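1. Experimental structure and sequence below.
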Amino acid sequence: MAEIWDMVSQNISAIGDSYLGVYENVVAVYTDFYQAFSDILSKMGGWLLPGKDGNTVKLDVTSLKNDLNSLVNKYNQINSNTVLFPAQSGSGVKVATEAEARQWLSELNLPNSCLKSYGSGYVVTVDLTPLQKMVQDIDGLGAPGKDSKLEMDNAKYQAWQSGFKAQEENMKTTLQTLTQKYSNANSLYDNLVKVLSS
């Protein structure tokens, strides 16, 4: 027999497998998270109406701002649906050492805002600064009319909307970054196995 080699192979696999595990969790939580933000983007057209003579437009800042806040509050929590690291499972929250967190914080290339503390330890959550920034700007447009909607001229509208898609893109970028990284992690696991099975 070749008991040491087996031992070696099993050990390396576990390391690469372990690594791939975290990422599978990261990718899930984020693609899922973004899905929820897409369901909002679809409704986007249903909250827009031209002024009267396309000289202005009426935007349902309320409905929008409320769905954004709902999403931000849902993912502002801590559970198997909002934490990227460590993987959450079952009863009570699972926490990591600040160092362990900060490490992943750097690995996933995420901002410090993504680092949250829970009792004895820490956890890494999705980046909400974008959504929050969105909601801030929507409030920056001014108070709505008695119909809770805000009629604004095209200059203002398309200005806001540029800034809105700037934030929409930030989140788009993160979800990519994390998928590329997950793809590498996964490639790596498969390569390790070939190198060890042969």
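-> Everything's here; your move. Numbering: from 1, shown residues only.

2. from here on, contacts and neighbour counts on C-alpha atoms
-> Fine.

3. Residue 172 versus residue 154, what's the distance?
-> Using C-alpha to C-alpha, to the nearest Å, one obtains 26 Å as the distance from residue 154 to residue 172.

4. These two: which has the busier surroundings?
-> It is residue 154, of residue 154 and residue 172, that has more neighbours when counted by other C-alpha atoms under 10 Å, with 16 against 13.

5. Identify the spatial nearest neighbour of that one, chain neighbours not counted.
-> Nearest residue to residue 154, sequence neighbours excluded (C-alpha to C-alpha, 6 or more residues apart in numbering): residue 56, at 5.2 Å.

6. what packs against the helix or strand hosting residue 36?
-> Secondary structure assigned from DSSP states H and E places residue 36 in helix 3-43. The criterion is 3 or more C-alpha pairs under 8 Å, 6 or more residues apart in numbering; DSSP states H and E, and the helices and strands that helix 3-43 contacts are helix 61-74, strand 83-85, helix 154-197.

7. Looking at these, spot the one closest to residue 108.
-> Distances from residue 108 to each of the helices and strands packed on helix 3-43 were compared by C-alpha to C-alpha, and the smallest falls on helix 154-197, at 6.5 Å.

8. coming back round to it: ok, then the element right after the helix holding residue 36?
-> Stepping forward along the backbone from helix 3-43, the first helix or strand reached (DSSP H and E) is strand 48-50.

9. which strands and helices sit next to that following strand?
-> Under the contact rule (3+ C-alpha pairs under 8 Å, 6+ apart), strand 48-50 is packed against strand 56-59.

10. Can you list the strands that the strand it packs on pairs with?
-> Strands adjacent to strand 56-59 in the sheet, as given by DSSP bridges, are strand 48-50 (antiparallel), strand 150-153 (antiparallel).

11. Now render the ones you listed as CSV, adding mean neighbour count and distance to residue 67.
-> Putting the strands paired with strand 56-59 into CSV (neighbours: other C-alpha atoms under 10 Å; distance: least, C-alpha to C-alpha, whole Å) gives the following:
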stretch, mean neighbour count, distance to residue 67
strand 48-50, 15, 15
strand 150-153, 18, 16
